[PDB]
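Worksheet: one structure, shown below.
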Amino acid sequence: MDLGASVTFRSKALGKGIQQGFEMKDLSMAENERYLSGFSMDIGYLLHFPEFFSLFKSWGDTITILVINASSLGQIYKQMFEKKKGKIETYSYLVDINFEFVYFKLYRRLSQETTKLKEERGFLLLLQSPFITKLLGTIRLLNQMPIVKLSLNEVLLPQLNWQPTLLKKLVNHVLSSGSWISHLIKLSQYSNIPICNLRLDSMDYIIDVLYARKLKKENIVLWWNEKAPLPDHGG
Amino acid sequence: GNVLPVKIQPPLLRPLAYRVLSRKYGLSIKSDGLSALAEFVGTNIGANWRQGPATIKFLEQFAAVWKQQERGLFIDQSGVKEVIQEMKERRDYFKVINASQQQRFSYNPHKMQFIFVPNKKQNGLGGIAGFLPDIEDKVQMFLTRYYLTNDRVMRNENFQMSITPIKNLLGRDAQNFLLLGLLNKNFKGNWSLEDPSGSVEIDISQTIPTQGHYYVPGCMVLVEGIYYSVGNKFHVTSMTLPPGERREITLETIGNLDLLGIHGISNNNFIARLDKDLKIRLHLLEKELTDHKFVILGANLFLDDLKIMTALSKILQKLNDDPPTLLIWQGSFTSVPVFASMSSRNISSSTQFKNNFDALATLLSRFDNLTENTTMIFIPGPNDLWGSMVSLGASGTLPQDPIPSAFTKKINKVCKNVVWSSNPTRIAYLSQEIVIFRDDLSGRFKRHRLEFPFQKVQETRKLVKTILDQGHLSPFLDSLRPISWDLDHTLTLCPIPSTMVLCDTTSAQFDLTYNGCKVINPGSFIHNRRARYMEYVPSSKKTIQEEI
């Protein structure tokens, strides 16, 4: 709230403060945030559909799904390619193409893939699964990079012909990721909030942040509360 | 039958049964009883119709088995049951009970005797709504509490000076008096005392209270002071809570009633009593009591954070090799209150709560010794399914319902002995009575303390002394703690159980004992990067153990 995403320094001890943790309460100020940054950086993509763990690389060109399909994948990719050519062209500058298909004991490969990405790129993770914290705790390497979460849960299988509908789901998520990240960039650079702390449905968070900071600029106690749907009144 | 059964003719066995069962003892033998005796004779074909002593002595044993059941004036198809009882007569004996099934017992002041109350579940229909209490129950509840407190006061050795009713204070003044009643605030906003006769006001400006008590509204207080008819002010000079009584002297006034009766029960027809088996059970308890150990944990164990699961796994690793008798888990099992979900995008609160118990069934798969040998007790906390769904994590009704069965469909199958009870629950041992009660007490008695115009070990001393002198689990009015109109008898400390499990997350652990009762104060399960759980030896000895 107080510092925001646009933080800066006015120390005028940089080395001593960067080797250790730099203190905040003595030097603090928030600059303007009309434009956050000119984004040009790779992305991550890890998903799960209740054993449908999936991964994709923006700069990669291979697809492998954890345990007729390849032709359907190619035709569906091309079909929605012509369907959303306009959106693809508009959001190409955010994320940019055909790729190979594969459908692979096998459940240890998440750690290996995360390690390959970690020692191949620094890149932001987009994760979509109904077990957010479970997947965060099962993989120890996911804690070392910033992650932007896109949790849309309550996905189920129709017990028959799940392959076409899951292909539709994955392809629309991939080809709408550009619109998603554009919307998040707009909301972050308008609300002065870091991109990893935001969500599409977390609209109440912006209300809370703005109202709390305007009350803090006033002389009114925030009665802020956490992990409890009640106002704080001192007990 | 025997190895060589012979099919009898009932007419020629009829005289043998009839004489013994209609002239010496017994009466009204039915045809089914005759058939049961017929098959028993088939099991005694050896030299029968010519063997005198054995058949008649086994009939005498039948009498000694069936006299004690009801009154024994009829024998239905159960005759085979008493035959099997004969064969079988040729740790158990302990029970756990919740507030829902506790036996109901009213009180009558003019006859100075408790009266059994018929259960609505057993005689009524109860098909649609049988649990809803009636209107006058809340009217009579405070009356019953006052009656019990007045009886306790009158039975005191010191009191044989006499108290005075409130209504008798109108015509006299400038004279000292002694009186007791409910302490509360009037509609105006002053301090007043209430009695069935009437009510008066209180003057506090020169009151010296007896230290060691939490003087809180809703608690019976003995008031000594001088009436003044100039206004209506009772100038109090001292105030003290009524004293308590020990278990033996409490029971001896009612002999030994089967209130928490496991060997026998009373009903509307008659009253029951027993003291011959009490010493037998006491001496039975005196042996192999160290083997029958039972262990409890701390409060508010959350099943969502990884640290609690890790510490619990360590505890189960240490506890698997030596399975105790009873293992009690107390406190809320979810760190967030559950309520209606306004978002259809994320995981529903009910589904999350259901999943929070499924993983427990998996963790219990690697501890087959503990699962096989030790029973399971689960007690709801402040913000479980039923309470937090309306109270939103705040305080609510005390007779809390058990955990719903739809959310515990895997614990009952993985384990063989799982019990869910109310927030106050009762266990009946061979010679011990223990209650377990989980809520917050230190903060409640700290914030609402009365102000009198004028090292942490003493706070728990005051708390225990107050809760035992008042003799009620919830010494508060209906404004603070709403209580169901009928079940309040379950919250009463009239039988004054031998040991009480005072679970308070806001109070330090302690092992005090007073007034013949021993109290244990389990703390929070995790604190200051440590895990703690305590075990009680039935020989009045306690042990505290911790695993980092």
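Residues in the structure tokens are named by chain (A, B, ... in the order shown) and by number from 1 within that chain; ligands are numbered from 1 in the order shown.
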(request) List every residue of range 308-424 of chain B that DSSP, applied to the backbone of this structure, assigns to strand (DSSP E), and report them as a VMD selection string. (result) chain B and resid 326 to 330 375 to 379 418 to 420 424
(request) Give the residues of chain A that lie within 9 Å of chain B; count only C-alpha atoms, and format the answer as a PyMOL selection string. (result) chain A and resi 130-131+137+151-154+201+227-230
(message) Using only C-alpha atoms, which protein or nucleic acid residues come within 12 Å of residue 165 in chain A? Drop anything in the same chain fewer than 6 positions from it, and give the result as JSON, numbers by chain.
(response) {"A": [49, 69, 72, 73, 76, 155, 156, 157, 158, 159, 171, 172]}
(message) When you look at range 322-325 of chain B with a cut-off of 9 Å (counting only C-alpha atoms), what residues show up, excluding the ones that are within fewer than 2 positions of it in the same chain? I need them as a count of residues only.
(response) 17
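Here CA of residue 126 in chain B stands at a distance of 16.6 Å from CA of residue 487 in chain B.
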(request) Would you list the contacts of range 18-31 of chain A as a list in words, taking every protein, DNA or RNA residue within 6 Å and counting only C-alpha atoms, but skipping same-chain residues closer than 5 positions in sequence? (result) residues 3, 6 and 7 of chain A
(message) Please list as a PyMOL selection string every residue within 10 Å of range 227-241 of chain B, counting only C-alpha atoms and excluding residues in the same chain fewer than 6 positions away.
(response) chain B and resi 169-178+180+192-193+200-215+219-221+465-466+469-470
Store the residues picked out above in a file with N, CA and C atoms, as a tab-separated table (two decimals), in the first residue's frame.
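As written to disk, selection32.tsv reads:
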chain	number	residue	atom	x	y	z
B	169	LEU	N	-37.31	-6.85	52.06
B	169	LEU	CA	-36.48	-5.70	52.41
B	169	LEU	C	-37.23	-4.38	52.33
B	170	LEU	N	-38.52	-4.40	51.98
B	170	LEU	CA	-39.25	-3.16	51.73
B	170	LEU	C	-39.50	-2.37	53.01
B	171	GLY	N	-39.98	-3.04	54.05
B	171	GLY	CA	-40.44	-2.35	55.24
B	171	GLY	C	-39.41	-2.07	56.31
B	172	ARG	N	-38.14	-2.41	56.08
B	172	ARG	CA	-37.11	-2.24	57.09
B	172	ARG	C	-35.95	-1.45	56.51
B	173	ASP	N	-35.24	-0.73	57.38
B	173	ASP	CA	-34.11	0.09	56.97
B	173	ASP	C	-33.18	0.26	58.15
B	174	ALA	N	-31.98	0.77	57.86
B	174	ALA	CA	-30.93	0.99	58.86
B	174	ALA	C	-30.57	-0.29	59.60
B	175	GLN	N	-30.69	-1.43	58.92
B	175	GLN	CA	-30.37	-2.73	59.50
B	175	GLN	C	-29.59	-3.55	58.49
B	176	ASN	N	-28.61	-4.30	58.97
B	176	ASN	CA	-27.79	-5.12	58.09
B	176	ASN	C	-28.57	-6.35	57.64
B	177	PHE	N	-28.21	-6.85	56.45
B	177	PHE	CA	-28.89	-7.99	55.87
B	177	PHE	C	-27.90	-8.80	55.05
B	178	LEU	N	-28.28	-10.05	54.77
B	178	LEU	CA	-27.51	-10.94	53.91
B	178	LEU	C	-28.43	-11.52	52.85
B	180	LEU	N	-28.49	-13.15	48.42
B	180	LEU	CA	-27.78	-13.58	47.22
B	180	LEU	C	-28.75	-13.60	46.04
B	192	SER	N	-27.85	-4.25	39.67
B	192	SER	CA	-29.01	-4.76	40.40
B	192	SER	C	-28.83	-6.24	40.69
B	193	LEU	N	-29.47	-6.68	41.77
B	193	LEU	CA	-29.52	-8.09	42.15
B	193	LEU	C	-30.94	-8.61	41.93
B	200	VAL	N	-33.46	-5.51	43.65
B	200	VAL	CA	-33.05	-4.26	44.28
B	200	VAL	C	-31.84	-3.71	43.54
B	201	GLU	N	-31.43	-2.51	43.93
B	201	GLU	CA	-30.24	-1.89	43.37
B	201	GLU	C	-29.03	-2.14	44.26
B	202	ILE	N	-27.85	-1.81	43.75
B	202	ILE	CA	-26.59	-2.09	44.42
B	202	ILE	C	-25.80	-0.79	44.55
B	203	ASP	N	-25.21	-0.58	45.72
B	203	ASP	CA	-24.24	0.48	45.94
B	203	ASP	C	-22.86	-0.14	46.07
B	204	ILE	N	-21.91	0.36	45.27
B	204	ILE	CA	-20.59	-0.25	45.16
B	204	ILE	C	-19.49	0.64	45.72
B	205	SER	N	-19.79	1.91	46.02
B	205	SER	CA	-18.75	2.90	46.31
B	205	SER	C	-17.87	2.52	47.49
B	206	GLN	N	-18.34	1.65	48.38
B	206	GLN	CA	-17.57	1.25	49.56
B	206	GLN	C	-17.63	-0.26	49.75
B	207	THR	N	-17.39	-1.01	48.67
B	207	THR	CA	-17.45	-2.46	48.70
B	207	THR	C	-16.05	-3.05	48.70
B	208	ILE	N	-15.78	-3.94	49.65
B	208	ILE	CA	-14.51	-4.66	49.72
B	208	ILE	C	-14.77	-6.11	49.31
B	209	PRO	N	-14.38	-6.52	48.11
B	209	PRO	CA	-14.67	-7.88	47.67
B	209	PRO	C	-13.62	-8.87	48.15
B	210	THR	N	-14.06	-10.13	48.25
B	210	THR	CA	-13.15	-11.21	48.61
B	210	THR	C	-12.26	-11.52	47.41
B	211	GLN	N	-10.95	-11.32	47.57
B	211	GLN	CA	-10.03	-11.53	46.46
B	211	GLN	C	-9.92	-13.02	46.13
B	212	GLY	N	-9.50	-13.29	44.90
B	212	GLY	CA	-9.43	-14.64	44.40
B	212	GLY	C	-10.60	-15.09	43.55
B	213	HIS	N	-11.46	-14.17	43.13
B	213	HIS	CA	-12.62	-14.50	42.32
B	213	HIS	C	-12.74	-13.50	41.17
B	214	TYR	N	-13.40	-13.95	40.10
B	214	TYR	CA	-13.69	-13.10	38.95
B	214	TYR	C	-15.15	-12.67	39.05
B	215	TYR	N	-15.38	-11.50	39.65
B	215	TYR	CA	-16.73	-10.99	39.84
B	215	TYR	C	-17.27	-10.50	38.50
B	219	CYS	N	-23.19	-14.03	37.67
B	219	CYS	CA	-22.67	-14.95	38.67
B	219	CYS	C	-23.35	-14.71	40.01
B	220	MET	N	-23.70	-15.80	40.69
B	220	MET	CA	-24.32	-15.70	42.00
B	220	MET	C	-23.32	-15.14	43.00
B	221	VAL	N	-23.73	-14.12	43.75
B	221	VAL	CA	-22.87	-13.46	44.72
B	221	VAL	C	-23.62	-13.32	46.04
B	465	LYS	N	-10.99	-21.37	40.96
B	465	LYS	CA	-11.81	-21.14	42.14
B	465	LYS	C	-13.18	-20.61	41.76
B	466	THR	N	-13.24	-19.67	40.82
B	466	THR	CA	-14.52	-19.11	40.41
B	466	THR	C	-15.38	-20.15	39.70
B	469	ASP	N	-16.58	-22.65	42.43
B	469	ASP	CA	-17.53	-22.10	43.39
B	469	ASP	C	-18.88	-21.83	42.74
B	470	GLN	N	-18.88	-21.28	41.52
B	470	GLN	CA	-20.14	-21.03	40.83
B	470	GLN	C	-20.79	-22.33	40.38
(message) From a backbone DSSP assignment, name each residue in range 275-476 of chain B labelled alpha helix (DSSP H), as a PyMOL selection string.
(response) chain B and resi 276-285+306-320+349-363+368-373+385-391+411-414+442-447+457-470
(request) Tell me which protein, DNA and RNA residues are within 6 Å of range 33-37 of chain B, counting only C-alpha atoms, leaving out same-chain ones fewer than 2 positions away, and put them as a PyMOL selection string. (result) chain B and resi 30-31+39-40+75+79-80
Selection from above, N, CA and C atoms, as a short mmCIF file (atom, residue, chain, number, x, y, z; two decimals), in the first residue's frame, can you write it?
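Writing the result to again_18.cif gives the following:
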data_model
loop_
_atom_site.label_atom_id
_atom_site.label_comp_id
_atom_site.auth_asym_id
_atom_site.auth_seq_id
_atom_site.Cartn_x
_atom_site.Cartn_y
_atom_site.Cartn_z
N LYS B 30 -44.57 -67.80 29.57
CA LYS B 30 -45.21 -67.79 28.27
C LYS B 30 -44.87 -69.07 27.50
N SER B 31 -45.46 -69.21 26.31
CA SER B 31 -45.15 -70.35 25.47
C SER B 31 -43.72 -70.27 24.93
N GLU B 39 -35.53 -76.14 24.42
CA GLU B 39 -34.23 -76.25 23.76
C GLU B 39 -33.09 -76.34 24.77
N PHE B 40 -33.22 -75.67 25.92
CA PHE B 40 -32.22 -75.83 26.97
C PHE B 40 -32.17 -77.26 27.48
N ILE B 75 -41.56 -63.85 29.81
CA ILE B 75 -40.41 -64.34 29.05
C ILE B 75 -40.84 -64.50 27.60
N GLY B 79 -35.97 -65.64 25.53
CA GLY B 79 -35.54 -66.81 26.29
C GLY B 79 -34.24 -67.39 25.78
N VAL B 80 -34.07 -67.41 24.46
CA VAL B 80 -32.78 -67.80 23.89
C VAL B 80 -31.69 -66.83 24.32
#
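The spacing separating CA of residue 268 in chain B from CA of residue 486 in chain B amounts to 18.0 Å.
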